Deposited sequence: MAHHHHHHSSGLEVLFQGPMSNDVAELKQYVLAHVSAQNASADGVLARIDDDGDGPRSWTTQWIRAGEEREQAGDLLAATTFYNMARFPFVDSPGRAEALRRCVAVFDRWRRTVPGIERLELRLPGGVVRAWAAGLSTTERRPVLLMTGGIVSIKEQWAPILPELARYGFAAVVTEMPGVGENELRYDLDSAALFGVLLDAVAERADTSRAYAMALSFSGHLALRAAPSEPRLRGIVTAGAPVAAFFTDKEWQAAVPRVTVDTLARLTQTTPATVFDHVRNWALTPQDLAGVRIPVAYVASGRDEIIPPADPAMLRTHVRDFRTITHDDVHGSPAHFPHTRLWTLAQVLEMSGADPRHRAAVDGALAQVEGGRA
């Protein structure tokens, strides 16, 4: 099967009549909205709108166009912002692009590695790079295998990605002290990497899958089609085979006992994608574990203010940030 997904539209909107390619389609409408903001010179709003157009993943000429326009308008915006730099890693399995700020040969700054989940492109987070650098980090924002411009296959070796980002900035940052802000599925990758990657000194995630996601068949049967189809695209499998494909990706009690760094996790109480057994499992087995649960649906979209502040507070603590910066965030939190 090669064509477009024809995503269920109720469900794209939860995150325009249809998911086709006509004048009332999802992609066309988001592109037109994007084009209007771009013409008014509001490049960050255009970035968001082209981003939405390509959501959940590029499966058509129109989504491929939208992704390119997103990257381009963002590139144009960041060109006004001293400090934001593009990194391109040409790798065995394909090319990976990243945006970074706070890099330096004279000061060795701790690394903040940032990634989202399986629908989040790096342009969603890149606009905050200057503010993350302002907290003293070398901040590097990328995206998962198969997402956006990241050309790799999401497979059993994908956890290596963090180390490969650190390799690329080892001359320009204190890469012995890295903190992964790895949201959703990328949080599973961080936790899988951590026991064999001593450069990772802490993890901050939200909604990361752990074990039950990969092994609980009744739960899998009720997961939204958009999540399943995306996973199948990123892994380069199909919907019928994808869960079988990821069955042995579960983190075991020993995997989790092997994570010897602080781990912070924002759980969504009524999460549809991640089973409640997965954060329960982390609470049982991760030694240094910090967590909060919002009584909300997947992504806790009604508590973004709180989540952005809590996660921030957590990474500043883990990296020993300036106490003045910690106390201002603590007050806001």
{"item": "Deposited sequence positions missing from the model - stretches, numbered from 1, in order", "value": "1-15, 31-48, 367-374"}
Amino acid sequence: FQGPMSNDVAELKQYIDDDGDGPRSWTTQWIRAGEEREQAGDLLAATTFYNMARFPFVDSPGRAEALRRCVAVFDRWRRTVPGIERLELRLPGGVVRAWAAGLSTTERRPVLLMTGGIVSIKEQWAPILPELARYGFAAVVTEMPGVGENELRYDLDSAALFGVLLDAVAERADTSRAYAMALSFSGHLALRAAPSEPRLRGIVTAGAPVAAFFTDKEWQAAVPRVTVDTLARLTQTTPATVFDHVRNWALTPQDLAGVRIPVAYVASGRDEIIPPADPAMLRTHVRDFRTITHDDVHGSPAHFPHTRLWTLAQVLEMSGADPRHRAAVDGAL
From here on, numbers count along this sequence of modelled residues.
query	finding
Mean Cα B-factor comparison, 297-305 or 42-50, giving the higher one as deposited	297-305
87-95 set against 166-174, stretch whose average Cα temperature factor tops the other in the entry	87-95
Identity of residue with top Cα B-factor, from 270, 69, 63, 290	270
Residue, from 205, 80, 115, 150, that the PDB entry assigns the highest Cα B-factor	80
Residue 219 CA temperature factor, ranked by third within the chain	highest
Lowest, middle or highest third - CA B-factor, residue 155	highest
Chain third (lowest, middle, highest) by recorded CA B-factor, residue given as residue 124	middle
Residue 263 CA temperature factor, ranked by third within the chain	lowest
Chain-relative CA temperature factor third for residue 33	highest
